[PDB]
């Protein structure tokens with residue numbers, strides 16, 4: 001059926017950028033990103049573009065730029081009030097440029113995203129959800145050393161705490177395997193727990209992120225629960241601003257050229 005609604009969603013994202021800074025002998029790099037979402041009934045399109053606009057200072061010879069086009073296809077299947085259905089898609093492609101030794105030095109690879117949506121209502125205060133992200137398209141002749149074609153599993157549950165306070169959990173599962181190789185335990189299986197609690201209150205959106213630690217790696221790395229933070233402010237409802245803040249890993253190093261913070265800023269709008 002052709003559902004009627006018509007809705008658009010456009011947002012952006014930047015890190016630091018030439019706006020707020022303090023230093024007369026150092027600088028960083030800003031990576032501006034864009035997002036374009038189109039809502040048309042059961043069919044929901046979503047795409048995102050990347051870019052880079054750092055400060056030039058005569059690095060090598062020429063400046064070679066590179067972009068990464070991303071697409072997505074959302075589809076609603078539905079079935080019952082308790083259990084729902086859906087279909088999600090994605091398109092990833094990266095271009096390779098080698099201006100060091102000309103001679104038809106160029107590769108070609110793609111990435112198909114396929115992750116359906118599953119919903120299961122067990123109670124009025126218990127919302128279950130799960131979806132497996134599969135990636136298949138390119139063979140990766142050089143990237144074969146790690147991965148290229150494999151299936152992933154990422155579930156997500158929602159538990160309502162209060163009328164103006166909710167909770168959300170997520171279980172990440174990594175997977176790896178070659179197209180065809182005589183192995184017994186070559187496949188990799190990693191697990192990462194990540195949860196966030198959505199807090200809706202007036203014109204202020206704050207969804208803290210929880211991350212457990214002290215359950216992996218020899219040395220120390222993870223600590224405390226609240227490591228992430230999701231901000232949200234809409235001075236006009238439609239237009240809002242989201243900010244991602246983290247506090248994981250230890251900051252014990254020095255430099256004078258490279259530097260990356262643990263925060264993020266972005267915008268969102270609807271037509």
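Annotation note: of 266, 228, the sole residue that is in contact with a strand residue (DSSP E or B) (Cβ under 6 Å, 6 or more places away or on another chain), over 30 Å from residue 147 (Cα atoms) and surrounded by 14 or more Cβ atoms within 10 Å (Cβ to Cβ) is 266. Only a single criterion out of (1) under 28 Å from residue 270 (Cβ atoms); (2) more than 22 Å from the chain's Cα centre (by Cα); (3) outside any strand (DSSP E or B) is not satisfied by residue 101, namely (1). Sub-7 Å Cβ pairs linking a first residue in the stretch 91-120 that is closer than 18 Å to residue 65 by Cβ to a second residue that is surrounded by 13 or more Cβ atoms within 10 Å (Cβ to Cβ), at least 6 apart or interchain, are 93/69; 93/111; 94/68; 96/107, ordered by first then second residue. The set of residues in the stretch 129-159 being outside any strand (DSSP E or B) and under 21 Å from residue 117 (Cβ atoms) consists of 132, 133, 152. Taking the criterion of being farther than 23 Å from residue 82 by Cα, touching a strand residue (DSSP E or B) at 6+ places or on another chain (Cβ under 8 Å) and surrounded by fewer than 16 Cβ atoms within 10 Å (Cβ to Cβ), the residues of the stretch 126-151 that qualify are 136, 137, 146, 147, 151.
Since every read-out is calculated from the coordinates, none of them should be taken as a lab result. Cβ coordinates were reconstructed from backbone atoms using ideal geometry, including for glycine residues, and neighbour counts include every protein chain displayed.
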